[PDB]
Structures are given as C-alpha cells and as structure tokens.
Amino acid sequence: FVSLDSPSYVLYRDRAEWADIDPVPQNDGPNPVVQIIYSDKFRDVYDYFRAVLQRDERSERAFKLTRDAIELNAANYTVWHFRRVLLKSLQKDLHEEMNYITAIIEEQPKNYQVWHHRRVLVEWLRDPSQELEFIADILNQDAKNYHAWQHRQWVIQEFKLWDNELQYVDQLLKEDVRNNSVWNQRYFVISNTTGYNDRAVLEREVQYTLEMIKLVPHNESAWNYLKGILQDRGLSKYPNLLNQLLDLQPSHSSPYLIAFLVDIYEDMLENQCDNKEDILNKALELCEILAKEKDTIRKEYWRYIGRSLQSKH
C-alpha cells in the first residue's frame, strides 16, 4: 500500500485499522547498554511488530507490516521468519513474493536474509526458471557478490542446470580474467560435469590456463587454478609442465612462477625423484630467493618450507 518514504505514510499508532491492538515496547531494562536511539518511525513499526509476534497474529495487516519492518532493517531475521510463516498461513501468491524479493535483493544484494528468503521461495515453488537470469543481473552489478555466486551454485546443482554455465564462465573471464569468483565457478562446473580425470578435459584446461597466464603473468587466480587442477595427482606427475615453466623463467618470471617451481620440486622430492640432491638444492635456492627478494612478505613461510624440505630429504 504505502511505503515508509511515501508522502502519505502514517505511523501505525495513528492508523484506525490498528487501534484494536496495543503496541509492545522493547524491554531493554532499567540501565540499557548498546541502546540505539531509534527514529520515531523505526520504533513505531517495531512496537507493532512485537505486538503481532507476541500475539502470533496470522493476518494480512501483519503481513504488510513485515514489509515495513524489513525496509527499516532487512537484517532482522525474526521478521523474515514470521513473514515466511504468514506466507504459508495466508496462502499468499509465491510468484508475487518472488517479484518482491527480487526488488529487495537488488537494493541490498549483500544481505544474508534476502538471499535465503529467495531460496526458500524457489524451493517451495520448485521453479528455478527465473534464477540464472536474475543472478546474472546482480553479478552484472557486482561480479564477485559472494551470496549471488552461492545461490547460483545451489540452483544449478539442485535443478541440474549445468548446460550453459561454462559459457557463462568464459564470458565473465573475458570481462575480467582476474575474477577469482569466476575461476571458482569454472572448477565448480567442470568437477561436477566431466570431471578432471578425462585427460582431454585436463589438457584443455591446462592449455587454457597457461594461455591466460601468458596474457596476464601476474594474475594470481590463473596460477592458483593451474595448481588447483593438478595438485591432487601431484605436480611432479607432469614433467612437461616443469620444462614449459622453466622456459618462461627469464622472460616471464614472477613470484608466482618461482613459487610454482618450488611446489613442483616439493612433490618431486616426495616421490623419490632422480637427482634428489640436485632437486633439493634448486628448491632451497628458490626458497631463499623468494624469502629475500621476490616474495619477502612471505619470508617466514618460505624459510619454513626451506626447513621442511631439509627435514624430509
């Protein structure tokens, strides 16, 4: 009906349709702490929300009241729960509620409660037809919104909507190849579809990642993904990778490349490699270089790695 900012908005204590119920003030005690000096409109709405809640009144007026309470504080999970209880009691039209939550999330996309409310609605309706497009719009405004991506993984997995996600991933990587949330989605999609055991898939991924690295050598996300898709089997298991990284050494170096080399040497030594002494010396030399010059912020970590390597080999 009328919003909190509408020129004709009227406080609940002044509404005739609410005169029959007494408001319930908040009890903060005689000597309150962390007491918020609420605006008159904020307190007004909540004094009545408290009355309806305490009264467990499942009514249309209570339902509308929750919308105002939510506008005043969308993080109030108690209000959301009650609104949910009313949605069921009053048998409200869920598609109508979906349009509501859609607008709310657009205004406050980083709020936990709004995303959970939407998930509940989709679960109740068993209808994900609007999800991928809605999330895409939110992400178009903030490509890294954590809740947006989480909701996206849930919908895709729960309703098996994998078909076009890899294309969506490729598009966003083109827009910003440094978007770590997108690289994460990439792993999410592949591990849940083809998996990485398919050597043709793994090769495609390694080639794709290597090309991104050469395009943006200092983009950490690509380096992390490269190690991420190879670590479980063991970095020393890919002899050609070591050589290809070694060639880029001079004309492409960076703490990321040097660090990856140490990771390879670590795994090699862990697998009874040939020329153990030589590999150990190389690894120790790189740890020193990283500690003293190329990655000093991580000096303690690299010294630790140096000592670990020595205690093991």
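From 1 onward, residues are counted along the sequence shown.
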Ranked by mean Cα B-factor in the entry, 215 to 223 and 89 to 97, top stretch is 89 to 97
Going by the average Cα B-factor in the PDB entry, point out whether 255 to 263 or 272 to 280 comes out higher.
272 to 280
For the C-alpha B-factor as written in the entry, point me to the maximum among 297, 305, 16, 290.
16
Residue 206: which third of its chain by C-alpha temperature factor?
lowest
Quick tally, chain-level thirds of C-alpha B-factors: residue 165 sits in the middle
Chain thirds of CA B-factor: placement of residue 142:
lowest
Third assignment of residue 174 from its chain's C-alpha B-factors
middle
How does the C-alpha B factor of residue 122 compare with the rest of the chain: lowest, middle or highest third?
middle
